[PDB]
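Containing mmCIF, C-alpha atoms and all ligand atoms: entry.cif.
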```cif
data_run
loop_
_atom_site.group_PDB
_atom_site.id
_atom_site.type_symbol
_atom_site.label_atom_id
_atom_site.label_comp_id
_atom_site.auth_asym_id
_atom_site.auth_seq_id
_atom_site.Cartn_x
_atom_site.Cartn_y
_atom_site.Cartn_z
ATOM 1 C CA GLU G 2 133.343 9.198 72.619
ATOM 2 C CA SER G 3 134.635 11.364 69.774
ATOM 3 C CA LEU G 4 133.714 10.074 66.295
ATOM 4 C CA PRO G 5 132.998 12.304 63.268
ATOM 5 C CA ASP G 6 129.336 12.827 62.494
ATOM 6 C CA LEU G 7 127.602 11.496 59.397
ATOM 7 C CA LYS G 8 128.436 13.555 56.287
ATOM 8 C CA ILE G 9 126.291 13.899 53.195
ATOM 9 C CA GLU G 10 127.878 15.412 50.119
ATOM 10 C CA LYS G 11 126.491 15.938 46.617
ATOM 11 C CA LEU G 12 128.389 14.044 43.868
ATOM 12 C CA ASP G 13 126.428 14.646 40.641
ATOM 13 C CA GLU G 14 122.938 15.207 39.187
ATOM 14 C CA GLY G 15 121.078 13.015 41.654
ATOM 15 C CA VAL G 16 123.917 11.206 43.279
ATOM 16 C CA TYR G 17 125.032 11.712 46.835
ATOM 17 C CA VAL G 18 128.044 10.400 48.681
ATOM 18 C CA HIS G 19 127.337 9.552 52.338
ATOM 19 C CA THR G 20 130.132 8.964 54.892
ATOM 20 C CA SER G 21 129.980 7.371 58.353
ATOM 21 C CA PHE G 22 132.717 6.399 60.774
ATOM 22 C CA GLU G 23 133.623 3.604 63.094
ATOM 23 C CA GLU G 24 136.458 2.636 65.397
ATOM 24 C CA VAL G 25 137.918 -0.761 64.334
ATOM 25 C CA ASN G 26 141.517 -1.907 64.859
ATOM 26 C CA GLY G 27 143.313 0.154 62.182
ATOM 27 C CA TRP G 28 145.121 3.463 62.894
ATOM 28 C CA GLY G 29 141.847 4.078 64.774
ATOM 29 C CA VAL G 30 138.688 5.365 63.076
ATOM 30 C CA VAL G 31 137.904 4.521 59.461
ATOM 31 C CA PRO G 32 135.515 6.442 57.195
ATOM 32 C CA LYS G 33 133.062 4.602 54.830
ATOM 33 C CA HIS G 34 131.377 5.999 51.707
ATOM 34 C CA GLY G 35 128.001 4.868 50.419
ATOM 35 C CA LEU G 36 125.511 6.620 48.204
ATOM 36 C CA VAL G 37 121.982 7.945 47.910
ATOM 37 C CA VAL G 38 120.861 8.026 44.315
ATOM 38 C CA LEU G 39 117.783 10.112 43.612
ATOM 39 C CA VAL G 40 115.694 8.858 40.777
ATOM 40 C CA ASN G 41 112.745 11.228 40.781
ATOM 41 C CA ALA G 42 111.435 11.928 44.250
ATOM 42 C CA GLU G 43 112.724 8.502 45.256
ATOM 43 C CA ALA G 44 116.034 7.970 47.028
ATOM 44 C CA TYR G 45 117.896 4.645 47.171
ATOM 45 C CA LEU G 46 120.544 3.647 49.641
ATOM 46 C CA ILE G 47 123.641 2.146 48.111
ATOM 47 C CA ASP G 48 125.053 0.563 51.249
ATOM 48 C CA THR G 49 124.027 1.803 54.687
ATOM 49 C CA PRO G 50 125.966 3.397 57.552
ATOM 50 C CA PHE G 51 127.393 1.245 60.395
ATOM 51 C CA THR G 52 124.623 2.088 62.841
ATOM 52 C CA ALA G 53 120.953 2.912 63.132
ATOM 53 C CA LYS G 54 121.716 6.382 64.462
ATOM 54 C CA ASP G 55 123.669 7.253 61.310
ATOM 55 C CA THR G 56 121.133 5.310 59.185
ATOM 56 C CA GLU G 57 118.264 7.115 60.920
ATOM 57 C CA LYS G 58 119.922 10.538 60.411
ATOM 58 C CA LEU G 59 120.674 9.834 56.763
ATOM 59 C CA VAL G 60 117.082 8.735 55.964
ATOM 60 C CA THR G 61 115.428 11.748 57.641
ATOM 61 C CA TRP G 62 117.846 14.243 56.143
ATOM 62 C CA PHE G 63 116.501 13.101 52.747
ATOM 63 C CA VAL G 64 112.874 12.709 53.896
ATOM 64 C CA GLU G 65 113.200 16.281 55.157
ATOM 65 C CA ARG G 66 113.997 17.553 51.678
ATOM 66 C CA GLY G 67 110.898 15.704 50.468
ATOM 67 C CA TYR G 68 112.236 12.396 49.135
ATOM 68 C CA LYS G 69 110.722 9.022 49.911
ATOM 69 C CA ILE G 70 113.281 6.325 50.579
ATOM 70 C CA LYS G 71 112.492 3.592 48.070
ATOM 71 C CA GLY G 72 114.984 1.097 49.424
ATOM 72 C CA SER G 73 118.593 0.206 50.116
ATOM 73 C CA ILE G 74 120.954 -2.404 48.625
ATOM 74 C CA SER G 75 124.080 -3.660 50.414
ATOM 75 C CA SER G 76 127.351 -4.322 48.562
ATOM 76 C CA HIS G 77 128.608 -7.097 50.900
ATOM 77 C CA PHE G 78 127.635 -8.780 54.225
ATOM 78 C CA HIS G 79 130.007 -6.798 56.370
ATOM 79 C CA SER G 80 128.938 -3.967 58.640
ATOM 80 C CA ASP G 81 130.150 -0.928 56.762
ATOM 81 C CA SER G 82 127.314 -2.000 54.448
ATOM 82 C CA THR G 83 124.624 -3.861 56.463
ATOM 83 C CA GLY G 84 124.456 -2.253 59.952
ATOM 84 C CA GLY G 85 121.479 -0.039 59.250
ATOM 85 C CA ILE G 86 119.451 -2.777 57.611
ATOM 86 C CA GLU G 87 117.986 -3.593 61.006
ATOM 87 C CA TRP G 88 116.710 -0.100 61.663
ATOM 88 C CA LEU G 89 115.427 0.042 58.084
ATOM 89 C CA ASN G 90 113.453 -3.249 58.387
ATOM 90 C CA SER G 91 111.483 -2.062 61.460
ATOM 91 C CA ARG G 92 110.546 1.103 59.592
ATOM 92 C CA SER G 93 109.634 -1.452 56.897
ATOM 93 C CA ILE G 94 111.669 0.168 54.072
ATOM 94 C CA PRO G 95 112.516 -2.279 51.251
ATOM 95 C CA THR G 96 116.033 -3.629 51.846
ATOM 96 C CA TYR G 97 117.974 -5.571 49.197
ATOM 97 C CA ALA G 98 120.933 -7.953 49.359
ATOM 98 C CA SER G 99 122.460 -10.519 47.106
ATOM 99 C CA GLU G 100 121.499 -14.147 47.876
ATOM 100 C CA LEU G 101 125.070 -14.847 48.883
ATOM 101 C CA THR G 102 125.341 -11.770 51.086
ATOM 102 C CA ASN G 103 122.025 -12.562 52.743
ATOM 103 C CA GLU G 104 123.212 -16.045 53.346
ATOM 104 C CA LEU G 105 126.428 -14.729 54.872
ATOM 105 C CA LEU G 106 124.539 -12.375 57.210
ATOM 106 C CA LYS G 107 122.284 -15.291 58.321
ATOM 107 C CA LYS G 108 125.469 -17.261 59.022
ATOM 108 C CA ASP G 109 126.786 -14.464 61.281
ATOM 109 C CA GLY G 110 123.557 -14.214 63.215
ATOM 110 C CA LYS G 111 122.729 -10.866 61.627
ATOM 111 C CA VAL G 112 119.380 -9.638 60.404
ATOM 112 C CA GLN G 113 118.739 -10.340 56.724
ATOM 113 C CA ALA G 114 117.670 -7.970 53.938
ATOM 114 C CA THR G 115 114.076 -8.475 52.898
ATOM 115 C CA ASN G 116 114.921 -8.778 49.215
ATOM 116 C CA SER G 117 117.363 -11.016 47.447
ATOM 117 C CA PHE G 118 118.602 -11.367 43.876
ATOM 118 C CA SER G 119 121.148 -13.655 42.177
ATOM 119 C CA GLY G 120 122.900 -13.870 38.885
ATOM 120 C CA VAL G 121 125.610 -11.750 37.326
ATOM 121 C CA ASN G 122 123.340 -8.745 37.180
ATOM 122 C CA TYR G 123 120.234 -7.165 38.582
ATOM 123 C CA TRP G 124 118.536 -3.919 37.660
ATOM 124 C CA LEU G 125 117.439 -2.400 40.922
ATOM 125 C CA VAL G 126 115.733 0.182 38.707
ATOM 126 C CA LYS G 127 115.777 -0.806 35.085
ATOM 127 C CA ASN G 128 117.741 1.776 33.201
ATOM 128 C CA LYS G 129 119.261 3.655 36.101
ATOM 129 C CA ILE G 130 120.759 1.251 38.718
ATOM 130 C CA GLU G 131 122.478 -2.023 37.952
ATOM 131 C CA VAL G 132 124.150 -4.305 40.475
ATOM 132 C CA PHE G 133 126.916 -6.489 39.003
ATOM 133 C CA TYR G 134 128.668 -9.496 40.565
ATOM 134 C CA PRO G 135 132.151 -9.981 39.207
ATOM 135 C CA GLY G 136 132.860 -12.965 41.423
ATOM 136 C CA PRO G 137 134.431 -13.585 44.849
ATOM 137 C CA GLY G 138 136.980 -10.935 45.998
ATOM 138 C CA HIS G 139 137.055 -8.582 48.990
ATOM 139 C CA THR G 140 134.516 -11.053 50.363
ATOM 140 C CA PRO G 141 132.774 -13.908 48.607
ATOM 141 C CA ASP G 142 129.456 -12.061 48.001
ATOM 142 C CA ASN G 143 130.588 -8.464 47.258
ATOM 143 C CA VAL G 144 128.768 -6.765 44.446
ATOM 144 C CA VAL G 145 129.322 -3.494 42.604
ATOM 145 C CA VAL G 146 126.666 -0.923 41.755
ATOM 146 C CA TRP G 147 126.495 0.738 38.366
ATOM 147 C CA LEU G 148 124.885 4.065 37.517
ATOM 148 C CA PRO G 149 124.155 3.824 33.684
ATOM 149 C CA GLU G 150 123.228 7.376 32.903
ATOM 150 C CA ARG G 151 126.080 8.943 34.784
ATOM 151 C CA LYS G 152 129.011 6.537 34.483
ATOM 152 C CA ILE G 153 129.441 6.267 38.211
ATOM 153 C CA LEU G 154 130.561 3.003 39.742
ATOM 154 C CA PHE G 155 130.137 2.192 43.453
ATOM 155 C CA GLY G 156 132.663 -0.542 44.094
ATOM 156 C CA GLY G 157 132.537 -0.558 47.890
ATOM 157 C CA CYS G 158 135.223 -2.495 49.671
ATOM 158 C CA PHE G 159 136.164 -4.346 46.379
ATOM 159 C CA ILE G 160 137.970 -1.350 44.995
ATOM 160 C CA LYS G 161 141.208 -0.890 47.015
ATOM 161 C CA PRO G 162 144.053 0.558 44.830
ATOM 162 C CA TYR G 163 146.525 1.351 47.682
ATOM 163 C CA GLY G 164 145.926 -1.709 49.903
ATOM 164 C CA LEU G 165 143.693 -4.764 49.856
ATOM 165 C CA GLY G 166 142.734 -4.165 53.468
ATOM 166 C CA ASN G 167 140.836 -6.653 55.617
ATOM 167 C CA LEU G 168 141.816 -10.098 54.284
ATOM 168 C CA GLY G 169 139.453 -11.778 56.741
ATOM 169 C CA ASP G 170 136.853 -13.239 54.448
ATOM 170 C CA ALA G 171 138.789 -12.829 51.218
ATOM 171 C CA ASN G 172 139.368 -15.181 48.211
ATOM 172 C CA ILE G 173 142.834 -13.914 47.313
ATOM 173 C CA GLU G 174 143.016 -16.576 44.560
ATOM 174 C CA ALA G 175 140.048 -15.215 42.612
ATOM 175 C CA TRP G 176 140.279 -11.499 43.426
ATOM 176 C CA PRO G 177 142.648 -11.016 40.427
ATOM 177 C CA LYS G 178 140.211 -12.769 38.062
ATOM 178 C CA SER G 179 137.210 -10.719 39.299
ATOM 179 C CA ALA G 180 139.304 -7.564 39.385
ATOM 180 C CA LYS G 181 140.150 -8.255 35.694
ATOM 181 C CA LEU G 182 136.595 -8.980 34.596
ATOM 182 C CA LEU G 183 135.456 -5.812 36.429
ATOM 183 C CA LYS G 184 138.039 -3.637 34.597
ATOM 184 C CA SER G 185 136.572 -5.017 31.327
ATOM 185 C CA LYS G 186 132.799 -4.593 31.771
ATOM 186 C CA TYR G 187 132.909 -1.126 33.446
ATOM 187 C CA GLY G 188 136.163 0.405 32.182
ATOM 188 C CA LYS G 189 133.813 2.907 30.593
ATOM 189 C CA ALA G 190 133.863 4.504 34.097
ATOM 190 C CA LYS G 191 133.732 8.268 34.737
ATOM 191 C CA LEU G 192 133.797 7.927 38.489
ATOM 192 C CA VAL G 193 134.586 5.019 40.845
ATOM 193 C CA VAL G 194 133.587 5.370 44.520
ATOM 194 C CA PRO G 195 135.685 3.210 46.954
ATOM 195 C CA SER G 196 134.555 2.443 50.525
ATOM 196 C CA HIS G 197 137.711 3.675 52.241
ATOM 197 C CA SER G 198 139.605 5.979 49.790
ATOM 198 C CA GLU G 199 138.979 9.244 47.871
ATOM 199 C CA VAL G 200 136.587 9.093 44.789
ATOM 200 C CA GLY G 201 138.311 8.156 41.518
ATOM 201 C CA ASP G 202 138.079 7.284 37.847
ATOM 202 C CA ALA G 203 138.560 4.271 35.551
ATOM 203 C CA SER G 204 142.100 4.051 37.005
ATOM 204 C CA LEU G 205 141.073 2.769 40.412
ATOM 205 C CA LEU G 206 140.125 -0.375 38.390
ATOM 206 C CA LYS G 207 143.594 -1.030 36.959
ATOM 207 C CA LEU G 208 145.070 -0.158 40.382
ATOM 208 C CA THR G 209 143.058 -2.691 42.342
ATOM 209 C CA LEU G 210 143.923 -5.169 39.630
ATOM 210 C CA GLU G 211 147.647 -4.855 40.226
ATOM 211 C CA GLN G 212 146.973 -4.485 43.922
ATOM 212 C CA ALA G 213 145.111 -7.865 43.777
ATOM 213 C CA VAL G 214 147.557 -9.824 41.575
ATOM 214 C CA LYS G 215 150.328 -8.686 43.918
ATOM 215 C CA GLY G 216 148.269 -9.853 46.843
ATOM 216 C CA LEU G 217 147.873 -13.227 45.173
ATOM 217 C CA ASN G 218 151.587 -13.593 44.486
ATOM 218 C CA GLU G 219 152.500 -12.103 47.859
ATOM 219 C CA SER G 220 150.981 -15.110 49.564
ATOM 220 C CA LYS G 221 152.741 -17.957 47.682
HETATM 221 ZN ZN ZN H 301 134.537 -5.509 54.117
HETATM 222 ZN ZN ZN H 302 135.327 -2.353 54.586
#
```
Turn this file's structure into structure tokens for me.
Amino acid sequence: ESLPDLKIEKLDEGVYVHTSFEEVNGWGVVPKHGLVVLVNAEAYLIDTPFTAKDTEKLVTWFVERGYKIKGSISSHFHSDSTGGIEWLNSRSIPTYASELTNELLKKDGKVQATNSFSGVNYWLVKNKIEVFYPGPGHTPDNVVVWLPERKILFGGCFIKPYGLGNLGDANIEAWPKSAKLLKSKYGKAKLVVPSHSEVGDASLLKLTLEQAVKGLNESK
């Protein structure tokens, strides 16, 4: 009835932070950040909004300012990251997903991305966008997206300094190990964009690490 409208804010050179909302069973509504990275005249969707409406608005807002949407990539199989894939597929816009996240969607009777990748890393665009997989954590497929020439890290729902959040499809045992490996590879971070918290810096990495180890202990 009353849910904030899609917000698109500029983050750096060609990087935009997009936020959509959705009523789940928390203290009500919960915001979710994603990103549009502009390479040249080509935009890329790092995670999509929860719905087609928000995904349709986001796309056109960029197409309006003369940018062709080259594709999207989802961080994990959940909805704050895969909802708008459907809309995108019908408009036949290249959609990407990890082979584990596309398997998980399938499992849930959800439409699948039209492009898969595997391995510890994938260059969506060779020297500008890397997708890294530190290992099971928030969910078992969650990936992280790295912006080389800007030191920005999109860590979606994996990065959660203040609270682990939805433990639904977690791997509490391994989150600490992945959280540790992630702090190592990309500690060279300028910015770190969580899915449900204010933008940060290398510190959100150490925070989620303690947050995760505590979660592991706090269960045994
Ligand atoms: Zn999630
Ligand atoms: Zn989430």
Go through the chains and note each residue within 7 Å of ligand ZN 301 (chain H), using all atoms listed in the file, then give the set as a list in words. residues 77, 79, 81, 139, 140, 158 and 167 of chain G
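Separating CA of residue 71 (chain G) from CA of residue 133 (chain G) is a distance of 19.8 Å.
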Near-region 178-188 of chain G list (7 Å; all atoms listed in the file; drop same-chain fewer than 6 positions) as JSON, numbers by chain: {"G": [135, 136, 137, 138, 203, 206, 207, 209, 210]}
List the neighbours of region 97-104 of chain G out to 10 Å using all atoms listed in the file; skip same-chain residues closer than 6 positions along the sequence, and give me the result as a VMD selection string. chain G and resid 46 to 48 72 to 79 83 86 111 to 120 123 125 132 134 140 to 144
Min atom-atom distance to ligand ZN 302 (chain H) from the set G:25, G:36, G:145, G:130, counting all atoms listed in the file, belongs to G:25
For ligand ZN 302 (chain H), the closest of G:63, G:45, G:22, G:17 counting all atoms listed in the file is G:22
For residue 82 (chain G), the nearest of the candidates G:94, G:148, G:21, G:170, counting only C-alpha atoms: G:21
Excluding residue 150 (chain G) and its own-chain neighbours fewer than 3 positions away, which residues fall within 12 Å of it when counting all atoms listed in the file? Please give them as a list in words.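 Neighbouring residues, sequence-local ones excluded: residues 13, 14, 15, 16, 38, 40, 126, 127, 128, 129, 130, 131, 147, 153, 154, 189, 190, 191 and 192 of chain G.
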Dump of C-alpha atoms for the selected residues, as a PDB file, in the frame of the given file:
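Output (out.pdb):
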```pdb
ATOM      1  CA  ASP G  13     126.428  14.646  40.641  1.00  0.00           C
ATOM      2  CA  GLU G  14     122.938  15.207  39.187  1.00  0.00           C
ATOM      3  CA  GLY G  15     121.078  13.015  41.654  1.00  0.00           C
ATOM      4  CA  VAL G  16     123.917  11.206  43.279  1.00  0.00           C
ATOM      5  CA  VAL G  38     120.861   8.026  44.315  1.00  0.00           C
ATOM      6  CA  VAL G  40     115.694   8.858  40.777  1.00  0.00           C
ATOM      7  CA  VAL G 126     115.733   0.182  38.707  1.00  0.00           C
ATOM      8  CA  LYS G 127     115.777  -0.806  35.085  1.00  0.00           C
ATOM      9  CA  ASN G 128     117.741   1.776  33.201  1.00  0.00           C
ATOM     10  CA  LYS G 129     119.261   3.655  36.101  1.00  0.00           C
ATOM     11  CA  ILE G 130     120.759   1.251  38.718  1.00  0.00           C
ATOM     12  CA  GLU G 131     122.478  -2.023  37.952  1.00  0.00           C
ATOM     13  CA  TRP G 147     126.495   0.738  38.366  1.00  0.00           C
ATOM     14  CA  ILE G 153     129.441   6.267  38.211  1.00  0.00           C
ATOM     15  CA  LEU G 154     130.561   3.003  39.742  1.00  0.00           C
ATOM     16  CA  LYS G 189     133.813   2.907  30.593  1.00  0.00           C
ATOM     17  CA  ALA G 190     133.863   4.504  34.097  1.00  0.00           C
ATOM     18  CA  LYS G 191     133.732   8.268  34.737  1.00  0.00           C
ATOM     19  CA  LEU G 192     133.797   7.927  38.489  1.00  0.00           C
TER      20      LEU G 192
END
```
Reference answer for the PyMOL selection byres (((chain G and resi 212-219) around 9) and not hetatm), as JSON, numbers by chain: {"G": [138, 161, 162, 163, 164, 165, 173, 174, 175, 176, 177, 178, 180, 207, 208, 209, 210, 211, 220, 221]}
In Å to one decimal, how far is CA of residue 80 (chain G) from CA of residue 6 (chain G)?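 Those two atoms sit 17.2 Å apart.
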To one decimal in Å, tell me the separation between CA of residue 196 (chain G) and atom ZN of ligand ZN 302 (chain H). 6.3 Å
N, CA and C atoms are what I want for region 34-48 of chain G; can you complete it accordingly and write them as a PDB file, keeping the file's coordinate frame?
```
ATOM      1  N   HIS G  34     132.273   5.364  52.665  1.00  0.00           N
ATOM      2  CA  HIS G  34     131.377   5.999  51.707  1.00  0.00           C
ATOM      3  C   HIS G  34     130.300   5.057  51.156  1.00  0.00           C
ATOM      4  N   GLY G  35     129.116   5.614  50.958  1.00  0.00           N
ATOM      5  CA  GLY G  35     128.001   4.868  50.419  1.00  0.00           C
ATOM      6  C   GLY G  35     127.366   5.892  49.510  1.00  0.00           C
ATOM      7  N   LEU G  36     126.141   5.648  49.076  1.00  0.00           N
ATOM      8  CA  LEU G  36     125.511   6.620  48.204  1.00  0.00           C
ATOM      9  C   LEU G  36     123.998   6.633  48.325  1.00  0.00           C
ATOM     10  N   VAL G  37     123.424   7.787  47.985  1.00  0.00           N
ATOM     11  CA  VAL G  37     121.982   7.945  47.910  1.00  0.00           C
ATOM     12  C   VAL G  37     121.846   8.430  46.470  1.00  0.00           C
ATOM     13  N   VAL G  38     121.094   7.672  45.694  1.00  0.00           N
ATOM     14  CA  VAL G  38     120.861   8.026  44.315  1.00  0.00           C
ATOM     15  C   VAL G  38     119.401   8.453  44.299  1.00  0.00           C
ATOM     16  N   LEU G  39     119.142   9.610  43.697  1.00  0.00           N
ATOM     17  CA  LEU G  39     117.783  10.112  43.612  1.00  0.00           C
ATOM     18  C   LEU G  39     117.347   9.831  42.213  1.00  0.00           C
ATOM     19  N   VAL G  40     116.231   9.133  42.084  1.00  0.00           N
ATOM     20  CA  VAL G  40     115.694   8.858  40.777  1.00  0.00           C
ATOM     21  C   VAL G  40     114.786  10.052  40.482  1.00  0.00           C
ATOM     22  N   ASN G  41     113.582  10.066  41.025  1.00  0.00           N
ATOM     23  CA  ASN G  41     112.745  11.228  40.781  1.00  0.00           C
ATOM     24  C   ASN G  41     112.641  11.906  42.122  1.00  0.00           C
ATOM     25  N   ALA G  42     111.668  11.443  42.900  1.00  0.00           N
ATOM     26  CA  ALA G  42     111.435  11.928  44.250  1.00  0.00           C
ATOM     27  C   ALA G  42     111.672  10.693  45.130  1.00  0.00           C
ATOM     28  N   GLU G  43     112.407   9.735  44.569  1.00  0.00           N
ATOM     29  CA  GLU G  43     112.724   8.502  45.256  1.00  0.00           C
ATOM     30  C   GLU G  43     114.218   8.312  45.431  1.00  0.00           C
ATOM     31  N   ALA G  44     114.635   8.179  46.686  1.00  0.00           N
ATOM     32  CA  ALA G  44     116.034   7.970  47.028  1.00  0.00           C
ATOM     33  C   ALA G  44     116.289   6.469  47.236  1.00  0.00           C
ATOM     34  N   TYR G  45     117.523   6.047  46.985  1.00  0.00           N
ATOM     35  CA  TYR G  45     117.896   4.645  47.171  1.00  0.00           C
ATOM     36  C   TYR G  45     119.209   4.630  47.904  1.00  0.00           C
ATOM     37  N   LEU G  46     119.332   3.723  48.864  1.00  0.00           N
ATOM     38  CA  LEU G  46     120.544   3.647  49.641  1.00  0.00           C
ATOM     39  C   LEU G  46     121.480   2.615  49.108  1.00  0.00           C
ATOM     40  N   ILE G  47     122.626   3.070  48.603  1.00  0.00           N
ATOM     41  CA  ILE G  47     123.641   2.146  48.111  1.00  0.00           C
ATOM     42  C   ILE G  47     124.592   1.971  49.278  1.00  0.00           C
ATOM     43  N   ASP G  48     124.318   0.917  50.046  1.00  0.00           N
ATOM     44  CA  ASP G  48     125.053   0.563  51.249  1.00  0.00           C
ATOM     45  C   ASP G  48     124.500   1.459  52.348  1.00  0.00           C
TER      46      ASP G  48
END
```
